[PDB]
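Peer 1: Here it is, the structure in full.
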Amino acid sequence: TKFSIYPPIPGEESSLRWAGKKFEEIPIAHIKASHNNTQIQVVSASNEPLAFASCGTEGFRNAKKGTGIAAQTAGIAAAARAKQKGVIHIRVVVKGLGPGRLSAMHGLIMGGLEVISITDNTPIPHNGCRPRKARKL
Amino acid sequence: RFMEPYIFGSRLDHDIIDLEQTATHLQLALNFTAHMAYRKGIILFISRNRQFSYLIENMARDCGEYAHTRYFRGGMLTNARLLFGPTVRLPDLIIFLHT
Amino acid sequence: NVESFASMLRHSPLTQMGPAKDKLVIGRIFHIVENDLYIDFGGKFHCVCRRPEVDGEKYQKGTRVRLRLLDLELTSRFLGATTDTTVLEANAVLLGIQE
Amino acid sequence: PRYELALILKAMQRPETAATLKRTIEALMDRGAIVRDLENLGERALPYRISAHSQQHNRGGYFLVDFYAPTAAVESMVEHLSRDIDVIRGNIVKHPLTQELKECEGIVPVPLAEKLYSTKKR
Amino acid sequence: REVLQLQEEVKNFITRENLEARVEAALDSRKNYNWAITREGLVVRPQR
Amino acid sequence: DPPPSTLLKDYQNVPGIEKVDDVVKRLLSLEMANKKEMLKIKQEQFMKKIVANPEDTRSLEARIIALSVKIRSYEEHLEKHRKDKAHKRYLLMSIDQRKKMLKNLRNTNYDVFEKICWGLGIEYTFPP
Amino acid sequence: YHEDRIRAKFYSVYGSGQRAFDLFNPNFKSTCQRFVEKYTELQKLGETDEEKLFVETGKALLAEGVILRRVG
Amino acid sequence: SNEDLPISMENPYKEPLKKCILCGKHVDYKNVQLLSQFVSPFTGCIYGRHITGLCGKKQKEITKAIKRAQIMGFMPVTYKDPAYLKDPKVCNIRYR
Amino acid sequence: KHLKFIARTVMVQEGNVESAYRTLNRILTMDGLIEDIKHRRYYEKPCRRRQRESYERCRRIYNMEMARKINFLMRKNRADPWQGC
Amino acid sequence: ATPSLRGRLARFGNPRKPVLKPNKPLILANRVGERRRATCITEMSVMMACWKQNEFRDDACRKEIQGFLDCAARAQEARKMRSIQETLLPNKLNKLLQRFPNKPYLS
RNA sequence: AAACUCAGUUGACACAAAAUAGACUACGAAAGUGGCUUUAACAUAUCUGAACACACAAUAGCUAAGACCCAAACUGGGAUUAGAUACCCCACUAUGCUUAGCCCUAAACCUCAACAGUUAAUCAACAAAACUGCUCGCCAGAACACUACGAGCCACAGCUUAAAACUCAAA
Ligand code: FES
Ligand SMILES: [Mg+2]
Ligand SMILES: [Mg+2]
Ligand SMILES: [Mg+2]
Ligand SMILES: [Mg+2]
Ligand SMILES: [Mg+2]
Ligand SMILES: [Mg+2]
Ligand SMILES: [Mg+2]
Ligand SMILES: [Mg+2]
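Residue numbers (PDB author numbering), protein chains in the order written: chain I, 58 to 194; chain B, 100 to 198; chain W, 76 to 174; chain E, 2 to 123; chain U, 155 to 202; chain L, 66 to 193; chain S, 65 to 136; chain P, 46 to 141; chain Q, 3 to 87; chain 2, 2A, 3 to 38, 43 to 92, 99 to 118.
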């Protein structure tokens, strides 16, 4: 076989495994990188919450939350919690272009957890709601 | 646009100059050049094609007439009296090897 | 019986050739500047190819080489240009030395 | 005119599926359709979860009913399909084969636009 | 020709009589409209 | 409106068209066609009933008859889509065009104009 | 020129060839030009079918010894 | 008079006009396999003609067919169907 | 309502999350999602949207024409073959 | 294939309304725009975390401090080599364009 | 800062708005029209032709009844400020939506009228090269003036038409 960047298809017979598990069963680390806060939540393959960590819960307040350093800190905390909950390999789904988008992943990894996949689930309306008006400064 | 009358036709988007008109015009031009040379006029060969600058210079020198294949400083003809001197004699004929 | 321009053009090798694209011609290196080989193939312009890294020294002035032509003249019209911009050189691929 | 009804039916067994197809073609013939052909594209997983008649569906059977009907019958057929519960999703379209494949000689290229600006020197 | 061709086909149209049988035949069959294309403009039908 | 059983203009002359299956007849009838076919049938019927030369369509008479069929179609349409401003404009413009055509016809060939008016139920009213 | 039709057909059917053009020689004759000459004389014989003329010209050149390779 | 003069004819040397890959073929909303060749594998985004290489008419046909299939339930929207990821690539796009 | 972990999903090779993220961001940029989100943050009134679209179209036309000219003339960056004369 | 400009600008003989309204004329200029203008923070963060957990005693953070210093030296070397290498250039490109300039008028 | 204890995952779920396609330039008379399906449907074998009528006319706005995710004049609060009746942040309303009427205004601008034709001897400047024929509408210093009066209008702080007096040598 050869390496493919696409994920394995559920219901298809694939050879890839992680910790003796199939891709579908790997726990999911939902990152949410808002403009001024980066939240992280590691749920099991059955949406069972395992760990939580946010810039605010890490002690950062006000603008300091929206910093890659704060994202790294929150990711490290979440990774430690998940590691003590028994999580090795994770699938990462991040929804938001906030400053913590990548530093959160870096913190999560530095906390020990390995990442098998990165998923972007940023909400992109197909012209649904009307966002707030522009800013003139 | 002005070269159309002398263009015989476009072969695969490549103009073919009407060599009949070329022959007649070259006859007239050579006749004029020879007449000026006989009348002892000054014949100046102008051409900025660097690929033939050397050839034009050598040809002019061997034929005994003048050549300007270099950068044409502004005023070589209009301001000649100042640039050279009030008594300078301007060319009686200018021959462009590359217009 | 004096052949006229029409007959000369009709029987000329260039006219006998069709579109120059993908046509093999025999050029004659008439100038070399370092690793650049200026080759004349009978057309209006010359093609400046590169000395092949293999058998490079074998290429010298007067060397007869084989070219695969891609355009007799390299020209194109760019945005806003009232006339075509030309690089005044043909495009060809240097295949090797003819013997 | 010639219509094609693409029909995503609830995933079920052959007896119920045949009964549903029979009922649907019966409704067509009642509204005044001359059913021309029935084709089974086969059961497959719905590309996305579809919730029809208080039931979330992930697999369904796809069927194509090519028929001829009066124009006024299309709306009634759509309403009846909406009423029917075994239909996860029905859609009536004008048959593609009624349209004619215009012959395309080639992609004639658009040359660079000329004379957009006056040739005066700027 | 068009009316002639249509005449032939109408023999195969599903009526209120041959409805059960045609429905069962449809359930048995499988029609494939899927086929990809290649850069050289050559169809790639799936294998069955 | 012509009977729904009526065949289309491209099939009413096909040899043996009456010796075919009633399924084929229903398919080729107006019962399985859009409103344009019915309008074409109405146009040809009016032409046969009125114009001396039905095969001539460039005539002002054929133009007026076709435009009257279109006016009928637009009026029927607006009767349901009362709030279709575009088609209301089309109806008014077509009425104006038919009035202009009738003016020209009345000025050129009076007898034909009278026959057109009677056939299409149009009452020519001089503009105020 | 009327020979342009034959030239285009020959290039489409056999490609450029392997005998490179020598534009320096005014009297040079390309394989395509020889084909055109043979086609012209065959036409002057009074054979009007274009495709029959083409095949006959190809075979005549093959008999001459010209290796006309078809492109596909 | 003179037979060596040029004659007035079309350009016999013209190359055939390139035909889009789908030229002469029927794009159908039911051929999800074909329709999925012109959608981003990751996001489901329909490729522009600068990438597909299709004529304007066929690009419009593909767009309408893709939208029709997506709304009628034949084709996924947010992503290309995985079953078609290994079909012959016909899009001049390089994500790596 | 679609299946999860098939859209905008990339598999890291050997664990180089930085490389995987670079590839994912390339995907998003080439698909235009990044620009779409940045623009959708605040509502771009339709007149402004049209003006920006027209401006970008003109800028692309100019850039592509300039690139064509640069490529066409790049073959003339050689050394001067008639140095002096 | 550059986007078409046929029928895109508001011009006489163009029935449709303008598609593009270029602020500046669409004529290639004879010049290209001038080239437009932290490093090694992972090692710094590692060293600073070691300092924080060890009371900044450099005695028990020697490997991290040395890595930080060497990384900074390599950053300086990268800056220098990049600068010298950067020194196609806009200047060269403008010279070539000048050699073959645009002609939006008639000669 | 204020504001909320609502936040995250998964599932169910609109009378809101319609990513990518679109690097396309099409439809319509203009305003406008870019999710999908269907029905109807896009006037004139000659061109011009409304202050002289008919039918349309984005956004805003009034009337009466519904929907209300989000956005949001006004309003309130938090900031900033010398002040802040603003710009920045939060909440919320009319409103944007559907139905039935009204209203009939836009930088309604491609500021380039319709039709037919030419590229020849150019052309104040800039802009989107210069003109020919024909027709309709419009213009005749600036400001007073999208004004007052009169008139018409479902309009009642409105719209259309629209002057004059004083003033200036400019605009
Ligand atoms: S290339 Fe022929 S239809 Fe597009
Ligand atoms: Mg008129
Ligand atoms: Mg008017
Ligand atoms: Mg209005
Ligand atoms: Mg409200
Ligand atoms: Mg407007
Ligand atoms: Mg006003
Ligand atoms: Mg007023
Ligand atoms: Mg009043």
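Ideal Cβ placement from N, Cα and C applies to all residues, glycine included.
1. Do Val72 (chain P) and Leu62 (chain P) have their C-beta atoms within less than 8 Å of each other?
2. Return the residues of the segment 61-90 of chain E that lie within a Cβ-Cβ distance of less than 9 Å from chain L, sorted by chain order.
3. Classify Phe74 (chain Q) as helix, strand or coil using the three-state DSSP reduction.
4. What first and last residue would you give for the beta strand (DSSP E) that runs through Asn166 (chain U)?
5. Assuming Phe7 (chain Q) contacts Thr176 (chain I) under a Cβ cut-off of 8 Å, what Cβ separation, rounded to an integer in Å, is found between them?
6. Which residues in the same chain as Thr97 (chain P) place their Cβ atom closer than 7 Å to its Cβ, once the five residues preceding and following it in sequence are excluded?
7. Is it a yes or a no for the segment 67-82 of chain S touching the segment 99-118 of chain S, going by three-plus beta-carbon pairs under 8 Å?
8. Take the Cβ of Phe60 (chain I) as the centre, count every other Cβ of all protein chains shown within 10 Å, and call the residue buried at 16 or more, exposed below.
9. Counting beta carbon pairs with one atom in the segment 132-146 of chain W and one in the segment 69-81 of chain Q, are three or more of them shorter than 8 Å?
10. Counting pairs of Cβ atoms below 8 Å between the segment 79-97 of chain E and the segment 46-60 of chain P, do you hit three or more?
11. Step through the CB atoms of chain P and report whether any lies within less than 8 Å of the CB of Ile66 (chain I).
12. Tell me the start and end of each unbroken alpha helix (DSSP H) in the segment 125-173 of chain I that is at least 4 residues and wholly inside, in chain order.
13. Within 10 angstroms of its Cβ, does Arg51 (chain Q) collect 16 or more other Cβ (buried), or is it exposed?
14. Do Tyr134 (chain W) and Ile101 (chain W) have their C-beta atoms within less than 8 Å of each other?
15. Give the straight-line distance between the Cα atoms of residue 139 (chain 2) and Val111 (chain E), rounded to the nearest whole angstrom.
16. Return the bridge partner residues of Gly61 (chain E) from the DSSP annotation.
17. Can you tell which of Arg193 (chain U), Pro200 (chain U), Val197 (chain U) has its C-alpha closest to the C-alpha of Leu99 (chain P)?
18. For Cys66 (chain 2) and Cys76 (chain 2), which I take to be in contact (beta-carbon distance under 8 Å), what is that distance rounded to the nearest angstrom?
19. At the level of alpha carbons, what is the spacing between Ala102 (chain I) and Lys79 (chain I)?
20. I need the DSSP call for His152 (chain L), collapsed to helix, strand or coil.
21. What is the DSSP secondary structure of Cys87 (chain Q), reduced to helix, strand or coil?
22. Can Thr88 (chain P) and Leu35 (chain Q) be called in contact, C-beta distance under 8 Å?
23. Quick test of the definition: if touching needs 3 or more C-beta pairs under 8 Å, does the segment 66-80 of chain L touch the segment 104-121 of chain E?
24. Classify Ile130 (chain L) as buried or exposed, calling it buried when 16 or more other Cβ atoms lie within 10 Å of its own Cβ.
25. Check each candidate in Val66 (chain E), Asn41 (chain E), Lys103 (chain E) and name the one with the smallest Cα separation from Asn92 (chain E).
26. Going by other Cβ atoms of all chains shown within 10 Å of its Cβ, with 16 needed for buried, is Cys60 (chain Q) buried or exposed?
27. Below 8 Å on the Cβ atoms is my guess for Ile147 (chain I) versus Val172 (chain I); work out the distance and round it to an integer in Å.
28. Could you spell out where the beta strand (DSSP E) holding residue 183 (chain W) opens and where it closes?
29. Using a Cβ-Cβ cut-off of 7 Å (strictly less than) and excluding sequence neighbours within five positions of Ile136 (chain L), which residues of its own chain qualify?
30. Per DSSP, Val88 (chain E) is paired with what?
31. What runs of the alpha helix (DSSP H), each 4 residues or longer, lie entirely inside the segment 100-175 of chain B?
32. So, helix, strand or coil for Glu60 (chain 2), using DSSP?
33. Starting from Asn94 (chain I), follow the beta strand (DSSP E) in both directions and report where the run begins and ends.
34. Please determine, among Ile181 (chain I), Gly185 (chain I), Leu170 (chain I), the residue with the shortest C-alpha to C-alpha distance to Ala76 (chain I).
35. So, do the segment 3-18 of chain E and the segment 128-135 of chain S have three or more beta carbon pairs nearer to each other than 8 Å?
Peer 2: Concretely, from the data shown:
1. no
2. Cβ proximity to chain L below 9 Å picks out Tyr69, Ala70, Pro71, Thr72 from the segment 61-90 of chain E.
3. Annotated three-state conformation of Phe74 (chain Q) is helix, per DSSP.
4. Element bounds for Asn166 (chain U): n/a, residue is neither H nor E.
5. 6 Å
6. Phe83, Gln104, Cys136
7. yes
8. exposed
9. no
10. no
11. With 8 Å as the cut-off, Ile66 (chain I) counts as an interface residue toward chain P.
12. Listed in chain order, they are 125-141, 157-167.
13. exposed
14. no
15. Coverage of chain 2 is limited to positions 2A through 118, which leaves residue 139 (chain 2) absent and any answer about it impossible.
16. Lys11 (chain E), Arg45 (chain E)
17. If we check each option's Cα against that of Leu99 (chain P), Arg193 (chain U) comes out closest.
18. The Cβ separation is near 14 Å, so there is no contact.
19. Answer to the nearest angstrom: the Cα atoms are 10 Å apart.
20. helix
21. coil
22. Inclusion of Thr88 (chain P) and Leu35 (chain Q) in the CB contact set at 8 Å is warranted, their separation being smaller than that value.
23. no
24. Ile130 (chain L) comes out buried.
25. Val66 (chain E)
26. Around the beta carbon of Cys60 (chain Q), 16 or more other beta carbons lie within 10 angstroms, which makes this residue buried.
27. The pair is a contact, with the Cβ atoms about 6 Å apart (cut-off 8 Å).
28. This structure does not reach residue 183 (chain W), given that chain W is present from 76 up to 174, and the question cannot be answered.
29. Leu156, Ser159, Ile160, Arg163
30. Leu10 (chain E)
31. 118-137, 149-162
32. coil
33. That run of the beta strand (DSSP E) goes 94-100.
34. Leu170 (chain I)
35. no
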